[PDB]
């Protein structure tokens, strides 16, 4: 029989252009059949009624019942491409930075301010006009303030008096803007946050997209922190700049993919002071608008499935060579 690869995520993701392009290419594998779980089934049917698969590609996004995906995987024991329990930890920026540190990965200097929503002023924060002290640790402006929830994209940057003060407020893109300037110089007074050193870059972020530990595509984009105007092409897509990862960065990608157990994994690098710092790990993420990535991603994933499962199914398989980029 065919090896069945099940795709389990919200319809917004499962029906996205990149997903559709990659799935049509995985389907080209002679012994692989792809089954995409319907969103109504995922949300409304008990896991005992979900389709069977031998290999499961499943990932959390807004609205996804991760509890059910975990229960399905426990019930059916498929080969899991992106580990489901790690996807709880990826939702918490504190847990992400904790894992990165354990792996010897360079990250910005940071401190966590945990607030009790009933006792909001009893926390360990002291504010001056050009710095904050968080659990005794001093962060001079500029510094970055991130909600402890990785799904909350309201990241603020605070400017020093020498630069005119105020703050830059970042958010999920709304049309032509990714951030806005605020005259507010004081930090947020409710909620829990990570405070971290601002890393000076050339004004771009590097986005890295892994497909297993030995393949990573990278590209750069204008930092939303810069002025907040999105650069769009005549075709309406955000402008992306070419990047080739150096040896240190290729190792970072290997470590991130393995430490979070996410075969398909997006993360962000800040190229600053002659080194590269990880500032965000997002988990499952596909490159958009690269045909070569579609081809490579589908081949690599298909090959992983065949490597793992072909012996079980008595299918002959000789392990092929793959690009690292």
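The term rigid core refers to the maximal set of C-alpha atoms that superpose within 1.5 Å between the two forms. Numbering follows the first chain given and starts at 1.
Put simply, when the other structures in 9 other deposited structures of this protein are lined up on the rigid core, the C-alpha atoms of 113-121 lie farther off than those of the other stretch, from 113-121 and 153-161. Here 231-239 and 101-109 are scored by the root mean square distance of their C-alpha atoms in 9 other deposited structures of this protein, with each structure fitted by the rigid core; the higher score goes to 231-239. Mean CA temperature factor is higher for 147-155 when stretches 248-256 and 147-155 are set side by side in the entry. Between the stretches 30-38 and 263-271, it is 30-38 that shows the larger average CA temperature factor. Within the group 107, 90, 170, 102, the record's highest C-alpha temperature factor is found at 102.
Across 81, 123, 216, 180, the greatest Cα temperature factor reported in the deposited entry is at 123. Residue 60 sits in the middle third of its chain by CA B factor, as recorded in the PDB entry. Among the modelled residues of the chain, residue 112 sits in the middle third by CA temperature factor in this PDB entry. Per the deposited record, the Cα B-factor of residue 285 falls in the middle third when ranked against the other modelled residues of its chain.
The deposited CA B-factor of residue 222 belongs to the middle third of values across its chain. Sort the modelled residues of the chain by CA B factor and residue 300 lands in the lowest third.
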